Amino acid sequence: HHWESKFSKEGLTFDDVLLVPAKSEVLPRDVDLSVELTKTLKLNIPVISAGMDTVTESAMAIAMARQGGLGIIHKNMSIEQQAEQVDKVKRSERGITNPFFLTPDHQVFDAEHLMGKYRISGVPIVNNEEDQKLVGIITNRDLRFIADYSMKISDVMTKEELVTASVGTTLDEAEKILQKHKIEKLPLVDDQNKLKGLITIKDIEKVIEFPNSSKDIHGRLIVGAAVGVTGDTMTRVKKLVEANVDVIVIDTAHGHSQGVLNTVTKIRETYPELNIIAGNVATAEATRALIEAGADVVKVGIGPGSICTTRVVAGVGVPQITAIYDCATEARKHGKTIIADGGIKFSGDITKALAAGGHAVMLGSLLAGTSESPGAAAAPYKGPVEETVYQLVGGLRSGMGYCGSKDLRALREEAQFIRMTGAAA
Amino acid sequence: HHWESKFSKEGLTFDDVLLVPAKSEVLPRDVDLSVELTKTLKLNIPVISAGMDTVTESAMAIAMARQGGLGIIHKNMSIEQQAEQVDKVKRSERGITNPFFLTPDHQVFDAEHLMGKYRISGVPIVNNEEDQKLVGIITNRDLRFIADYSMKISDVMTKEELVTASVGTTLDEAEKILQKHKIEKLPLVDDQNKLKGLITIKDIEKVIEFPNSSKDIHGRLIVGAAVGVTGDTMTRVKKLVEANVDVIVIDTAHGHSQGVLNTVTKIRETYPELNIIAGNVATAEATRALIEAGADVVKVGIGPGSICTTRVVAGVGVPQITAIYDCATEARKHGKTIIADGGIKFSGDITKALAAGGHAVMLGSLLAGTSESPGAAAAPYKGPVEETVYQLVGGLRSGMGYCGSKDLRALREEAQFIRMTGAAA
Amino acid sequence: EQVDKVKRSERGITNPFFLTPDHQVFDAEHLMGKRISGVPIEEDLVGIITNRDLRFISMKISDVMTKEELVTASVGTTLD
Ligand SMILES: Nc1ncnc2c1ncn2[C@@H]1O[C@H](COP(=O)(O)OP(=O)(O)OP(=O)(O)OP(=O)(O)OC[C@H]2O[C@@H](n3cnc4c(N)ncnc43)[C@H](O)[C@@H]2O)[C@@H](O)[C@H]1O
Ligand SMILES: Nc1ncnc2c1ncn2[C@@H]1O[C@H](COP(=O)(O)OP(=O)(O)OP(=O)(O)OP(=O)(O)OC[C@H]2O[C@@H](n3cnc4c(N)ncnc43)[C@H](O)[C@@H]2O)[C@@H](O)[C@H]1O
Ligand SMILES: Nc1ncnc2c1ncn2[C@@H]1O[C@H](COP(=O)(O)OP(=O)(O)OP(=O)(O)OP(=O)(O)OC[C@H]2O[C@@H](n3cnc4c(N)ncnc43)[C@H](O)[C@@H]2O)[C@@H](O)[C@H]1O
Ligand SMILES: [Mg+2]
Ligand SMILES: [Mg+2]
Ligand SMILES: [Mg+2]
């Protein structure tokens, strides 16, 4: 009876529904925004930057993970390029154990070279290349007090009221030492005053602004990489796994194809522990096919947005709220999660997408023209990506406060919608 | 079964419905617009100016009460400031028992001082500071007939055809005396011609234009004040009660919180007779929680307006017609009333809000740029607030005429709506 | 006064701006913004507060300034 059911289905989009306020005991700032996409992949904010070549490369993926989200390195480059991008994010936060140093024998020019080359403002000076023993430190404010000179750095450096800290001192204590002594550098020494590391004001400042950073169990920022369905994707996945990628995104325009299902299964059987995100699907039947094939997370998004290309060109699409809810309903029965990829235009759409069933939202166009987005080339400049993400999570926190949702699980399971007519807009 | 009811609710806004005409026996001018918010708080028009810092201070609250409505002094100032604003409205209409006078000893300059200082056009002249006995009156039209002079006011004042009235004469008789004798001042004297008061043309003119003024039982204009949920709100309420505030508005963005419920209850238990307006809520469950907590009037408004911030930022909102009706349905079961706060844009929306269940509508943006609105600073000038309120109540009167509603109770209980599709707009 | 202010300039300041340990850093920043970078710390010297001191501070109170390490010169000290 397929001829009769041809027009029996109804579809709700973001603009069709509003979230109903309920009794609340939680302020927006006390809301838990963490989400467990799988046992090995956990975010602190449910935001993922899309695997698009105008959205996510290493700079975006690092920024996203610093804020608690996740970045998916796009697949529109060769396999070597993509393994290097994943590796660049995994090695970003190295904690500097190897500090760049110098000796009183060198000239002041030597010090400017180091500062100007690496955008560094301080050089710790050790007694010899071998018994690295801290004798002094030289900095730009020191250079300001000298007319260009090659005098020995020893008569130029700071030596009398030299301030160090031991290896293992906390970042808080490091901050207070910098704040009291009115200095911005804090070399780390051992028992015998061997130079062992360096802590700077801006290392502490970046911990203050990114305390929810999402990291693997070894303290490295999480990152994902995009995979299609081609001949060399098994080689692409292999190099990405060798770069310690945290999750592979089998990314296709129509994931409910047998060629996609086979690609999911043979990656799963090759790497049983790997995290697999597979999309794009928009029905429960397709969600069940991807999970049965071996996918951990199902990405939802066929034709979202009122007048996107999929709808105008092919006539195909599923209103995103209905897509999220139907796919989430199927994914619950298997204990799997859902990523909502598509037409989020305001922060309120994030609250709607997550209520409805989505465990995380994927964003691209909203982050496409940001500072950490690839290239300096036709997208308007939207500033640092953390400005956009801050307001997006700010709205989500506000919505969960209205809904009395202390965590995302309560928003997904319990939040109620009210259907609108659209009449005033 | 919260997962299945996630999208079971429907919501109507103002643009979804029109009021159906019924058999009418009442003209718009004969419609009774009074409303009883509680036993101690009664309005002559169901219009309240919002407790917003761009809408209602003492000037707005006085104007609103003069027309039969109510003004809610906003909470964005300190406690002392807010008690002074409430007191300023309570002392506005003092009835002048203490008239500013002078004696024939003084110079004509003395009289100009008084007139220019207080925007006064007349000074009654008494024989001595003690036996205040009326001898004369001096006015600007008198000053016009003199080149600047310091001559004794006695050779300048009006004495031969001096017109007085007794204490206790009506305002009508005062008017006719002014109209016959072609004068604009009427001093009030006692049996022995002691100066006891003064009646002017513009005192009578303001009674003609504001005969529906809403007042407490002691003849003072009613006023309300806004309270949040902070540490010092109990001190704020106390000073406001000490300023003879008529109603406290516990004003929050999400009133269905336990911190709000507790604030309502401990104010109620502290002041058993005080009038409490608590909002903002948009469901019957929240209306029941506020009433049970001890609120007299429930303010309804979460996300009204098509593209307001609550909807765009948080994704939260309830279409206002549905919100009003569901909250009014609950409030009836407890014998309490409802204030409709939100997206009124035309006078016809007032008629819709009140039919549906609202006992009064709260307006802010429509009154934000009026003359009595705070500040001379980004809002377009909309003129005297009485121009806006006149057309708003004019539309409501027209709608009740179409509905055959002789009073607001008949509009609330009996008026029928017809649901529209929106198709032509 | 305007003429005298020009004639006395390029001398390399007998009447500098001053504060006391009772004031708050908010007083200093505004005195700075109105383009000086240092404010020596009543009627009858205890410290010095500068712009870089403000980086490690949060208007607080001005008594947490540069108070112990004070380098001062005599009146008559040459530019050299
Ligand atoms: N060797 C290295 N290897 C690897 N990464 C490195 C590195 N050196 C720097 N980095 C990295 O580069 C960045 C550090 O520079 P930034 O953190 O970016 O620079 P800044 O502190 O903002 O510079 P500023 O110009 O304000 O400081 P100032 O000269 O006044 O300087 C501070 C003032 O305090 C004084 N001072 C500093 N330390 C002192 C000490 N121990 N004792 C006494 N005085 C000290 C100075 O003389 C000066 O007056 C970080 O990313 C850091 O990890
Ligand atoms: N002492 C006081 N204490 C407190 N509040 C006070 C006050 N005096 C005034 N106010 C207040 O200030 C306002 C009164 O002034 P407004 O009411 O605002 O002024 P106006 O009458 O419009 O002034 P106009 O300029 O037209 O009048 P004219 O000089 O022609 O004047 C009327 C004309 O009639 C004549 N006239 C008036 N009274 C007369 C009398 N009893 N006998 C004979 N001639 C009289 C005059 O000579 C003149 O020609 C009200 O708010 C009032 O309550
Ligand atoms: N009170 C006043 N009255 C009248 N005219 C005034 C005035 N103050 C300034 N002016 C005028 O303002 C003009 C502008 O010159 P400045 O404002 O001096 O500008 P600058 O030399 O470029 O200073 P900068 O801004 O680099 O200082 P920073 O805090 O980085 O670096 C300063 C560093 O010095 C240190 N420091 C200063 N005194 C110290 C002390 N006694 N002991 C220890 N450290 C001290 C601070 O800790 C800080 O690290 C002057 O020419 C002068 O005419
Ligand atoms: Mg510096
Ligand atoms: Mg006149
Ligand atoms: Mg500087």
Side-chain angles (χ1 to χ4, degrees), chain B residues 57-63 66 80-81 84-85 87-118 120-143 145-147 150-169 171 174-175 177-210 220-221 371-372 374-376 384:
Chain B
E57 274 164 22
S58 72
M60 182 46 84
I62 284 158
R66 274 177 180 173
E80 312 105 306
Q81 280 154 326
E84 183 193 359
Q85 285 276 313
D87 180 59
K88 185 158 208 303
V89 182
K90 299 304 288 177
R91 286 196 208 268
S92 173
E93 301 308 312
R94 298 296 299 278
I96 295 100
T97 299
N98 198 247
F100 287 143
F101 66 104
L102 211 67
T103 76
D105 302 309
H106 285 48
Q107 275 80 355
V108 184
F109 288 94
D110 301 330
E112 176 173 280
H113 303 167
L114 283 183
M115 306 182 175
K117 195 165 195 170
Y118 310 92
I120 281 172
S121 174
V123 161
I125 315 178
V126 125
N127 59 357
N128 46 104
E129 182 182 39
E130 287 275 3
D131 181 356
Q132 300 116 342
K133 258 174 173 71
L134 191 52
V135 47
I137 189 180
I138 206 162
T139 44
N140 292 122
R141 211 228 181 191
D142 286 329
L143 257 53
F145 282 115
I146 54 116
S150 71
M151 292 177 72
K152 268 172 229 151
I153 56 186
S154 81
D155 184 1
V156 186
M157 58 162 85
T158 321
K159 293 179 179 179
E160 295 302 320
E161 265 308 284
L162 202 157
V163 177
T164 74
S166 166
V167 171
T169 68
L171 300 159
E175 196 202 16
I177 295 177
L178 298 182
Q179 296 195 300
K180 190 272 166 196
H181 295 87
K182 285 180 243 92
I183 51 175
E184 295 189 339
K185 282 82 191 175
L186 184 65
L188 300 181
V189 300
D190 71 344
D191 302 346
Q192 276 66 228
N193 208 57
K194 294 281 209 331
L195 192 73
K196 289 286 187 171
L198 171 59
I199 287 176
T200 72
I201 178 74
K202 176 175 266 284
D203 299 307
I204 298 169
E205 282 170 358
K206 310 288 81 164
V207 169
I208 284 169
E209 186 58 18
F210 312 113
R220 288 155 324 173
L221 292 176
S371 289
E372 292 87 336

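Basis for what follows: all heavy atoms, side chains included, without hydrogens, waters or symmetry-related copies. Letters go in sequence order (proteins before strands), and every chain restarts at 1.
- Between B/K159 and B/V135, the shortest heavy-atom contact is CG-O, 3.7 Å.
- The shortest non-hydrogen separation linking B/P187 to B/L134 is CB-CD2, 3.4 Å.
- Partner of B/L114 under the side-chain contact (heavy atoms from CB on, under 4.5 Å) criterion, chosen from B/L102, B/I120, B/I138: B/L102.
- A 4.5 Å side-chain heavy-atom check between B/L198 and B/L188 finds every atom pair outside the cut-off.
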(request) Kindly determine whether B/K202 and B/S121 satisfy side chain to side chain donor-acceptor pair (under 3.5 Å), including the steps that lead there. (result) CA-CA 11 Å; B/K202 176 175 266 284; B/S121 174; over 6 Å; no
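- A donor-acceptor pair under 3.5 Å is absent between the side-chain atoms of B/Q132 and the main chain of B/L195, judged by distance alone.
- What you find for B/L162 and B/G136 is that their closest heavy atoms are CD1-CA, 3.5 Å.
- Atom CG of B/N98 is separated from atom NZ of B/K196 by 10.5 Å, given to the nearest 0.5 angstrom.
- Separating the CD1 atom in B/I153 from the CD1 atom in B/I146 is a distance of 11.0 Å, to the nearest 0.5 Å.
- The CG atom of B/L171 sits 14.0 Å away from atom NZ of B/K206, with the distance rounded to the nearest 0.5 Å.
- Panel note: side chain B/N193, backbone B/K133; no donor-acceptor pair is recorded below 3.5 Å.
- Looking at every heavy atom in both residues, B/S371 comes nearest to B/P384 through OG-N, 3.4 Å.
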(request) List the steps and the verdict of side-chain contact (heavy atoms from CB on, under 4.5 Å) for B/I208 and B/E175. (result) CA-CA 10 Å; B/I208 284 169; B/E175 196 202 16; 3.7 Å; yes
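- Although no hydrogens or angles enter the test, the distance criterion places a donor-acceptor pair under 3.5 Å between the side chain of B/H181 and the main chain of B/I177.
- The CG atom of B/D110 sits 11.0 Å away from the CE atom of B/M115 when rounded to the nearest 0.5 Å.
- In terms of modelled atom types and a separation under 3.5 Å, the side chain of B/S166 and the main chain of B/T169 share no donor-acceptor contact.
- Nearest heavy-atom pair, B/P124 versus B/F100, reported as atom, atom and distance to 0.1 Å: CD-O, 3.1 Å.
- A salt bridge links B/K194 to B/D131: at least one charged side-chain nitrogen sits closer than 4.0 Å to a carboxylate oxygen.
- Within 6.0 Å of CD in B/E84 there are 12 or fewer heavy atoms belonging to other residues, nucleotides or ligands.
- A salt bridge is defined here as a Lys NZ or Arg NE, NH1 or NH2 lying under 4.0 Å from an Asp or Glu carboxylate O, and B/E93 with B/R66 meets this definition.
- The shortest distance between side-chain heavy atoms of B/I137 and B/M157 does not fall below 4.5 Å.
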(request) Would you check, one step at a time, whether the test side-chain contact (heavy atoms from CB on, under 4.5 Å) holds for B/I204 with B/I199? (result) CA-CA 8 Å; B/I204 298 169; B/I199 287 176; 3.9 Å; yes
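- Side-chain contact between B/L221 and B/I62 is present, with at least one heavy-atom pair separated by less than 4.5 Å.
- Distance check: B/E372 CD to B/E57 CD gives 12.5 Å after rounding to the nearest 0.5 Å.
- Counting only distance, with no hydrogens or angles, the side chain of B/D155 and the backbone of B/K152 share no donor-acceptor pair below 3.5 Å.
- To the nearest 0.5 Å, the span separating CD1 on B/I183 from OG1 on B/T139 amounts to 10.0 Å.
- Closest heavy-atom contact between B/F101 and B/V123: C-CG1, 4.2 Å.
- At a threshold of 4.5 Å between non-hydrogen side-chain atoms, the residues B/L186 and B/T200 do not count as touching.
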(request) Just do the side chain to side chain donor-acceptor pair (under 3.5 Å) check on B/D142 and B/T158 with the steps written out, would you? (result) CA-CA 8 Å; B/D142 286 329; B/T158 321; 3.2 Å; yes
